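Shown below, as C-alpha cells, is a lone chain in the form deposited in one PDB entry; questions about how it binds or moves come after it.
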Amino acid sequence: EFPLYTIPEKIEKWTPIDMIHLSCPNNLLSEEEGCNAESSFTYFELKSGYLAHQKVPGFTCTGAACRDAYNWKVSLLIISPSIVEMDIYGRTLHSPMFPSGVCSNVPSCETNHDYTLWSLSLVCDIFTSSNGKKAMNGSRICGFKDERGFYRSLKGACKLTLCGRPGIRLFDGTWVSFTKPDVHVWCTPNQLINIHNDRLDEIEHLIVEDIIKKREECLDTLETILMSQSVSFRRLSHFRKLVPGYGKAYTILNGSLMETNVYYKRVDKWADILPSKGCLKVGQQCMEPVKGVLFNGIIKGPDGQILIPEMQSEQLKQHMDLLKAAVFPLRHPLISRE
C-alpha cells in the first residue's frame, strides 16, 4: 500500500542540473513490481453491504419421501421452520439440533433424534461480478485494480474458497475471485476476509482520486516552472516519489537546482524521521541543513522552529485512517452442542 511518506535511504551526490530536466514521478505500484502490462478482466466480490449470517431455510422430517411430504404440507411428521445458520467459509451448517452442532457435506443432514432427521444454491448466491484491471509482466499477475480503481498487490495473498467458490484473500483482507491468479499458499482457516460495504467503496475511490490529484498537482507545478523559468524550493515537495523505489531527489542550493539518484524507503510514522526535534534521520546519522533549506521542500524553520515536512496536508492519511477503521472481518458462527 501507499506509505504515509517516503524518505531517501541516503543522499550520495548533488549535481546541478537544468530545470526542464525535472519530471514528475508518476508513481505507480504496477510498474514498481515490474508489471507494465494491464488487461481488463472480470472478478467476483462479496455482495455490497453487510453479507453474513446466511440463515438457511429448511425443515425437519419425523419418521426423497420427505420432500414429497414437505411439498404436500405446503399445499412423516414435517416440523417447520427449522432455520439454520451457515458458515460461508466451508458451507457449514449450524444449530444445536444437529448432533454436536455442525453438519458439513456435499443434501440431507442428521439430528439429535434418530427418528427425526433434518437446493443449496439460493442461500449461497452472495457474489457480484465486477470489472477490474490486472497488471501483468507477460504471464505473471503482480496485482489488480478493483472496480473503483484501488490497486491491491498479490504479495501476501492466499487461497480461500468462500461458499464453494475458489477465491483468493488479499493481504489487507479483501476477497476476490478471477481466473488463474497464480497463488500458492492456502490460508490457515483462522484468517478472515472483510465486509464489502459501500463506505469501503467510497473511501477507496477517494484515495484513488487523492493520488491522481497528487500527480496532477505535480504536473501543474512543472508546467508552471517551464513557462516561468523559476522554481520555488517548497514546490520541490511535489516531486517526491510517493512509493518506495529508485528515484530522484531535488534541492535548491547555491542558488541552483540540484538532483541525485536515490532510493526511497518507507515512512509510516513521523517519529522515525525526526526522533530528536532538531534532527532529520537520513541513513544512520542526521544530515546537515544549510542556509534555511534541506531538500525536497523540507525547511529549516526560521526561528524557534525545526525541520518541517509537508505534514500539514494530511488528506491521503485521513482517508487511509477512515479506510483502516471502516473495515470489519467476517467471523464464524458459534458451535453450540448439548
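So that there is no doubt, residue numbering starts at 1 and follows the sequence shown. If you superpose the two forms and keep the largest set of C-alpha atoms that fall within 1.5 Å, you have the rigid core.
In this entry, no coordinate-free residues of the deposited sequence separate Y250 from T251. According to the entry, the deposited sequence has no residues without coordinates between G301 and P302, so the chain runs continuously there.
For the segment pair 129-137 and 96-104, the entry gives 96-104 the higher mean B-factor, averaged over Cα atoms. With 264-272 and 216-224 compared on mean CA B-factor from the PDB entry, the stretch scoring higher is 264-272. Out of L257, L192, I211, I79, the entry records its largest CA B-factor for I79. When the C-alpha B-factors of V293, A37, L29, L51 are ranked from the entry, the top spot goes to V293. In the deposited entry, the Cα temperature factor of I17 places it in the middle third of its chain's modelled residues. In the deposited entry, the Cα temperature factor of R169 sits in the bottom third of values across the chain's modelled residues.
Annotation for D201: C-alpha temperature factor in the middle third relative to the rest of the modelled chain, per the entry. The PDB entry assigns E45 a C-alpha temperature factor belonging to the lowest third of its chain's modelled residues. Among all modelled residues in this chain, the alpha-carbon of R152 has a temperature factor (C-alpha) in the lowest third.
There is another form of the same protein, the form deposited in another entry; it is not shown, and what comes next is about it.
The one residue among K241, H94, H196, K214 whose Cα position changes by 2 Å or more between this form and the one not shown, with the core held fixed by superposition, is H94. Fitting the two forms on the rigid core leaves the C-alpha of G34 displaced by at least 2 angstroms between this form and the one not shown. Core-aligned CA deviation for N112 between this form and the one not shown: 2 Å or greater.
After superposition on the rigid core, the Cα of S177 moves by less than 2 Å between this form and the one not shown.
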